[PDB]
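The structure under discussion appears below in the form of structure tokens.
Every residue, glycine among them, receives a Cβ derived from its backbone with ideal geometry; neighbour counts consider all protein chains shown. Each reported figure results from applying straightforward, stated rules to the coordinates on display, with no laboratory input.
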Amino acid sequence: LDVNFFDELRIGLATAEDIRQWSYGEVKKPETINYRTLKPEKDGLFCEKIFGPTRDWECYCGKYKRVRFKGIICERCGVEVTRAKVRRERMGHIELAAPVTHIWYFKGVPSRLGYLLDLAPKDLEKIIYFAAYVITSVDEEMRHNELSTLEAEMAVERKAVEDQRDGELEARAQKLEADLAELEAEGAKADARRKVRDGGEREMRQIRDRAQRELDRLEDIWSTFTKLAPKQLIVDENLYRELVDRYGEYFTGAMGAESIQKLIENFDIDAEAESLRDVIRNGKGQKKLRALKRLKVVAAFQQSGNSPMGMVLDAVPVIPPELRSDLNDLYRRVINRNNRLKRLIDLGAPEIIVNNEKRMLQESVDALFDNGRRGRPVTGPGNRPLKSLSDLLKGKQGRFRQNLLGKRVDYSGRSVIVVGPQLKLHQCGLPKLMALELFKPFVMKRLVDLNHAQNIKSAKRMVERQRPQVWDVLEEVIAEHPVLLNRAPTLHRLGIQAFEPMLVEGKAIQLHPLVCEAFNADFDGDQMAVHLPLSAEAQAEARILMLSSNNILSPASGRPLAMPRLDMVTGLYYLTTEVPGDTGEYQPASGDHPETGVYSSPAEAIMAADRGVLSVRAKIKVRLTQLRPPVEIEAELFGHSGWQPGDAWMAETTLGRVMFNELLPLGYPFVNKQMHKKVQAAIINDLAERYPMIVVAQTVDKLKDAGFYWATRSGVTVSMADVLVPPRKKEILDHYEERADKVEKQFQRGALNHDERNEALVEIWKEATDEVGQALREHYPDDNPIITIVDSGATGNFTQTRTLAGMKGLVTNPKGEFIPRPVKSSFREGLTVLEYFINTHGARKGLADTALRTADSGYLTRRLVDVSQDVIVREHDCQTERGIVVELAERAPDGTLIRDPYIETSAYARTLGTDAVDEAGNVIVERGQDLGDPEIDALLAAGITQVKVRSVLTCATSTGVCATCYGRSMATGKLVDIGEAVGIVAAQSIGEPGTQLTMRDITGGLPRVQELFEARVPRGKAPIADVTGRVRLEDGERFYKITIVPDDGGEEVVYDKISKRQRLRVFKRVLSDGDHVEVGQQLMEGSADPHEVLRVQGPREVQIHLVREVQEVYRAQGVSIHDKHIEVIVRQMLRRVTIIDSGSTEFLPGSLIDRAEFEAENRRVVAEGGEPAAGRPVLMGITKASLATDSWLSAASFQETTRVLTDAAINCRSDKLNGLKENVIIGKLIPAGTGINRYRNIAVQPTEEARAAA
DNA sequence: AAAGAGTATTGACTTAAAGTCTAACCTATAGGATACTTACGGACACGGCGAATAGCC
RNA sequence: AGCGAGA
DNA sequence: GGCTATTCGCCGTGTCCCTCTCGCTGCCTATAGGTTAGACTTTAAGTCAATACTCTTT
Ligand SMILES: [Mg+2]
Ligand SMILES: [Zn+2]
Ligand SMILES: [Zn+2]
């Protein structure tokens, strides 16, 4: 059977010997099962004598029927009596009467047979489908001697044909003499005599033409010989049969697959490989390019021990009888045609019939291995293609991406989800029936242990009728058993989290609200699947790694994802905001009474608020004795070691803020700020950074509770009366309609064309839009429900508010342009019919655009994951000096350090490569620090901008990356572990903001991202500066010519065809003709292809370019992704070098070889004679990088299955099963996280003191 | 010390099963001779190939 | 195999 | 003067197109051999039942 001894997996061409070695028999009849008794036939497609017994442990006839007869073969029927399941294991084989060629190596462009034999594809096809003869052997020296003899014999034949030729000419002459005698002897017409005479000499012209035909037929054949050599096709078999009958010897010409077999027999690989290598080394140009193409496959066969006989097949293997009859029918066709061929050869048949039958057999094998590849697919009942033996493997519905990496699983459930706010963050409701069913084994065990049932089957009966006693035991068993909750699609790592389940009454998984965002799961009919870990390892993994309370911060940007939002944030905003002039406010008036605003303790404040005296949102002064004061008050009152739990201090704030601040931990200082969602996020981020995660969970949960309660009390409701239109709307409408009418009049006088007036109206109405928006904003009070919800950060944006009251605005044309009408009505006021009809365009287009974009995003994520499927941490530190530089703050022209806007995703969570230096002073922060917020603050304060940080790009470790160079784990909040699969995390983080990554020709959306990671030359390829020099732009419409005089160098280069419509990117000032340029300044407007920038500026500059561009496109929509994930991908992109000089070491020119292996070869060859094989770095798309891996089982799982398997087979490639996809497919443990060889084999034992306790 | 039950004998009766033989009834194969002798989306990418010009035979 | 539908 | 090679264009074929879930319909005749199936005649295995003696329990 099989064990863990799978260290290496090998694929290769299977020779006929191997095929008949695998087979346990030889099916030779097209009979599946008897129509009447319904049993397999002898020697059929389901023969029990071959593939085993249908029902286990008896032969066909039944002489032996029990287990003790194990491994015995019954003499009567020959069935080996054993287990029945072996029918899924044993193979047959069909011994083809004539050879056939495997399709994959024939039709898959480039035709590997064609390249191996150097036969043109059309030619080869005509050979192997019996349409044109091919020679396979020829003669040499005796060829010379009989060529002289044959020169004499063709002199004889030419003389004979010329003799008949002149005899025909003389017969013409005599018939012409008779004709002229008739013409000029009898009385005939003046022209009729010349009619017959012209006709006669016309007959002679055709006779001389026939002569020329005979000449041709002889000398052309002689010329065919005089330069004859094999592998030479001959169409028009008439010439072939002529040659054979005249030249039966001196060549052997064949037709079909066996012809190719013979061609491969008389084919020495070493001589052809040497000749091709010589041609490449000395010959240049297109000829070299083809010769290189063939050398690929020719070397593939040379280096490996597999001979090219495997391409032509003598026997076809028979898949075991589980396929069970679409595919089976194809097999029947093959067997029918093979048997008929055998009979035809036996009886003795004309060449035509047997040749046609051979062609039919070839076509049948073709259809079997791949139906529809060549010619129309073989169709079945209902006129549909038969699912060929290869269609099982390819596509979405192929075996690789429906059944191997993705499987359906037992012990799982699914239900709709309903918000439950009463649950703790680490809990999830689970309906009683679903839990009972899922846990039916465990509850059975417990109720048999409890003696509620006598035995297992009685217990199973007990549960199947849900007897009343089986609920208490159920509560006992479910306790302390984690469960995973997935919500498809799992866009990112936080799509699946482990909760502790709890029973709930009715049929609905009660989810915790705070994790809603993590799932993006919103309660209107989403269905969340539930999975149940079983093994001790799985339960530990779920309880520890996956627990919902253990994953608060996003793995992408680390911002808290359990943060309160929507309702809770609104409640907190209402609680912590301050309303001057409210009841119970503070007033310091004296001379008549005290301030009457202060309170002894917060408890006093709540007791007053219970009375209708103190509002929760009034300014007051409370003597706090249990909340830590802010930094300044602590530093003033206590200064050094203020022990707050007993100390008291006077706080001038609102009671609501006090009630809030009690929810934070004891150590957190008093905040005293209005709780915008932003401020909440900052608070939670700081809390997670400082305090342990469990505290973060508890605080977040308390926050949710308070938020919901106070949102209920917040008094936020929507009514028409609460939606206040702006009173100045009509005046603005008139004011801007006046300009619109003016533009209409100017157009009606021909002042401007349609496009110009469309743009003018667009501008006028957009201005009107902004004006009414401003009027509405300033018209609203602050306490309004709508402004309250929007401005608190709870949800929605002011554009929606403005559309709700005021004016919706310009509506998109279904092409994408702007309707110049535009809509002038608020939804509150109610849109008119035509305004609504115009509006529908935009919404329908948006909905449509969502679908295609999510499809493309999913595909992109698949690509990125595959490329990064093997980027996992391996070492703590490589100590590599190399690093990248990040700018941080930029010097102000007046002199000042303004923090760079995009610092939170660039330098945060990075390890310093070199010690910081200040004014050539001491080190503020030395090498090897996480560079968390205080560090960057210190650097900014001291006055340093550029800092050298370590990154994955400049990581010295060959395998994966090291912990330090990668930097901080964004999710865990500390340094990375030695098993984290940072590659998968990176890719998923890039892909997650898909769809929400929208757009508004050079691309700028998800297509632009794809292009950046695909290395595709952009459409708007703006030229870039190459060498510093004064520019001499010339004027060419669509073909700007651009000269640049090199500062030092060679020759200025002019760019023949560059688009004029672009706008020159500004330089040190707008870039203009006559200006000295840089080595990288973008000349024109638009992007630049990354290959060019690489070739100009080395690997570092192209790296920085790619990261900057992708980050830009993402930032353009406001999604924050840390730079490091991108760095990981671009690192994966730059790992291969192109070979210019082969040196003398097995490196074909143009080969894409890994840099680590490149260096290894170099250190191998420096000794024993040095031949440095020069190479240059190169940038290759994500797809190519993935498909260039050293693992065929992963590349095959990825895409374009047929080609990758054919290539790997020809190379006899062996997969070492080191990646993640592979380990998934074969079902052994991934080498990542808890699977690597340092954790996978930990030894655990008690202590000697513990043994003493025993 | 007595009685009842179990562990044996033996014969007597009984029924499944099973090994021949039949028979008859399906079942698989071959053959049929006046003369006729031709069907019925769209984008990316690479590799197999138009149009040109110059040099060499 | 084909239809329709939810997220 | 013509053909081929080194240089461009041009066109054709192949590959890909997110995930998860729910319900419903689609001529004839002649030979020879197998074939089990079906009944007859054996068994072989099973069931009943008389009898009696010995051992254990009350
Ligand atoms: Mg929803
Ligand atoms: Zn048998
Ligand atoms: Zn490193």
Discussion item. Of the residues A:1020, A:1004, only one is touching a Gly at 6+ places or on another chain (Cβ under 6 Å) and assigned to a loop (DSSP other than H, G, I, E, B); which?
Written reply: A:1020
Discussion item. Against the conditions (1) surrounded by fewer than 17 Cβ atoms within 10 Å (Cβ to Cβ); (2) more than 29 Å from residue A:561 (Cα to Cα), where does residue A:933 fall short? Just the number, please.
Written reply: (2)
Item to complete: Look at residue A:89 and say whether it is out of contact with any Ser or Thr (no Cβ under 6 Å at 6 or more places or on another chain), acidic (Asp, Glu) and away from DNA strand B (no atom under 13 Å from the Cβ).
Response: yes
Worksheet entry | region A:473-492 residues that are within 16 Å of ligand 3 (Cβ to nearest atom), paired with ones that are among the β-branched types (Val, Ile, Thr) (beta carbon under 6 Å, 6 or more apart) | none
Worksheet item: Looking at region A:1059-1084, which of the residues that are farther than 24 Å from residue A:1001 by Cβ and of a type in the set (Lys, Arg) is surrounded by the fewest Cβ atoms within 10 Å (Cβ to Cβ)?
Response: A:1069
Discussion item. Looking at A:474, A:494 in this structure, which one is more than 16 Å from ligand 1 (Cβ to nearest atom), over 32 Å from the mean Cα position of the chain (by Cα) and in a helix (DSSP H, G or I)?
Written reply: A:474
Worksheet item: Of A:113, A:119, A:124, which residue is under 26 Å from residue A:354 (Cβ atoms), within 16 Å of DNA strand B (Cβ to nearest atom), touching a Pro at 6+ places or on another chain (Cβ under 9 Å) and not aromatic (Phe, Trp, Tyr)?
Response: A:113
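Name the one entry in A:537, A:541 that is in contact with a strand residue (DSSP E or B) (Cβ under 9 Å, 6 or more places away or on another chain) and farther than 23 Å from residue A:994 by Cα.
It is A:541.
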Item to complete: Go through region A:914-942 residue by residue and tally those that are closer than 23 Å to residue A:687 by Cβ and of a type in the set (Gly, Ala, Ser).
Response: 2
Item to complete: Return yes when residue A:32 is away from ligand 1 (no atom under 16 Å from the Cβ), farther than 30 Å from residue A:1222 by Cα and in contact with a strand residue (DSSP E or B) (Cβ under 9 Å, 6 or more places away or on another chain) and no when it is not.
Response: yes
Worksheet item: Would a scan of region A:852-861 turn up a residue that is within 16 Å of ligand 1 (Cβ to nearest atom) and either of a type in the set (S, T, N, Q) or surrounded by 15 or more Cβ atoms within 10 Å (Cβ to Cβ) (or both)?
Response: yes
Worksheet item: Residues of region A:333-364 being touching a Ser or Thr at 6+ places or on another chain (Cβ under 8 Å) and not polar (S, T, N, Q), which ones?
Response: A:333, A:334, A:337
Worksheet item: Within region A:392-421, restricting attention to residues that are hydroxyl-bearing (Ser, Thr, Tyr) and outside any loop (DSSP other than H, G, I, E, B), which residue is nearest to DNA strand B (Cβ to nearest atom)?
Response: A:412
Worksheet item: Since residue A:416 meets every condition but one in (1) within 12 Å of DNA strand D (Cβ to nearest atom); (2) over 29 Å from the mean Cα position of the chain (by Cα); (3) under 25 Å from residue A:1193 (Cβ atoms); (4) of a type in the set (A, V, I, L, M), which condition does it not meet?
Response: (3)
Discussion item. I'd like to check something: does region A:565-582 contain any residue that is within 30 Å of residue A:482 (Cα to Cα) and assigned to a loop (DSSP other than H, G, I, E, B)?
Written reply: yes
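Going through region A:332-370 one residue at a time, which ones are in a loop (DSSP other than H, G, I, E, B) and either farther than 20 Å from residue A:127 by Cα or in contact with a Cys (Cβ under 9 Å, 6 or more places away or on another chain) (or both)?
Those that are in a loop (DSSP other than H, G, I, E, B) and either farther than 20 Å from residue A:127 by Cα or in contact with a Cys (Cβ under 9 Å, 6 or more places away or on another chain) (or both): A:348, A:349.
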Discussion item. Looking at region A:1151-1209 only, could you name the residues that are basic (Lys, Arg), more than 16 Å from ligand 3 (Cβ to nearest atom) and surrounded by 14 or more Cβ atoms within 10 Å (Cβ to Cβ)?
Written reply: A:1184, A:1203
Practice prompt. Report yes if residue A:484 is within 16 Å of ligand 1 (Cβ to nearest atom), under 30 Å from residue A:996 (Cα atoms) and of a type outside the set (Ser, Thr, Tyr), otherwise no.
Written response: no
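For the structure I just gave you, tell me whether residue A:491 is hydrophobic (A, V, I, L, M, F, W, C), buried (at least 19 other Cβ atoms within 10 Å of the Cβ) and within 12 Å of DNA strand D (Cβ to nearest atom).
Working: hydrophobic (A, V, I, L, M, F, W, C): yes; buried (at least 19 other Cβ atoms within 10 Å of the Cβ): yes; within 12 Å of DNA strand D (Cβ to nearest atom): yes.
So residue A:491 fits the description; yes.
Going by what's in this entry, would residue A:658 be described as assigned to a loop (DSSP other than H, G, I, E, B), under 21 Å from residue A:709 (Cβ atoms) and in contact with a strand residue (DSSP E or B) (Cβ under 9 Å, 6 or more places away or on another chain)?
No, not satisfied.
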Practice prompt. Look through region A:527-563, keep the residues that are surrounded by fewer than 16 Cβ atoms within 10 Å (Cβ to Cβ) and under 27 Å from the mean Cα position of the chain (by Cα), and return whichever of them is farthest from ligand 3 (Cβ to nearest atom).
Written response: A:527
Fill in: Residues of region A:220-253 satisfying the condition of being among the charged types (D, E, K, R), farther than 17 Å from residue A:150 by Cα and part of a helix (DSSP H, G or I)
A:237, A:241
Worksheet item: Within region A:18-32, is there a residue that is within 16 Å of DNA strand D (Cβ to nearest atom) and surrounded by 15 or more Cβ atoms within 10 Å (Cβ to Cβ)?
Response: yes
Discussion item. I'd like to verify a number: residues in region A:185-214 that are out of contact with any helix residue (DSSP H, G or I) (no Cβ under 7 Å at 6 or more places or on another chain), among the aliphatic types (A, V, I, L, M) and surrounded by 13 or more Cβ atoms within 10 Å (Cβ to Cβ), how many?
Written reply: 1
Discussion item. Between A:168, A:157, A:141, A:151, which is more than 25 Å from residue A:234 (Cβ to Cβ), surrounded by fewer than 19 Cβ atoms within 10 Å (Cβ to Cβ) and away from ligand 3 (no atom under 16 Å from the Cβ)?
Written reply: A:168
Worksheet item: Pairs under 8 Å by beta carbon, first residue closer than 20 Å to residue A:787 by Cβ in region A:719-746, partner among the small types (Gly, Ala, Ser) and not in a helix (DSSP H, G or I), six or more apart or different chains?
Response: A:723/A:805; A:724/A:805; A:725/A:805; A:725/A:806; A:725/A:826; A:726/A:805; A:726/A:806; A:729/A:806
Worksheet item: Pairs under 8 Å by beta carbon, first residue small (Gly, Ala, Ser) in region A:116-129, partner away from ligand 1 (no atom under 16 Å from the Cβ), six or more apart or different chains?
Response: A:120/A:114
Practice prompt. Would you please list the contacts, defined by Cβ atoms under 7 Å and residues six or more apart or on different chains, that run from a residue in region A:680-702 that is within 18 Å of residue A:933 (Cα to Cα) to a residue that is part of a helix (DSSP H, G or I) and hydrophobic (A, V, I, L, M, F, W, C)?
Written response: A:680/A:569; A:680/A:572; A:684/A:700; A:687/A:696; A:688/A:696
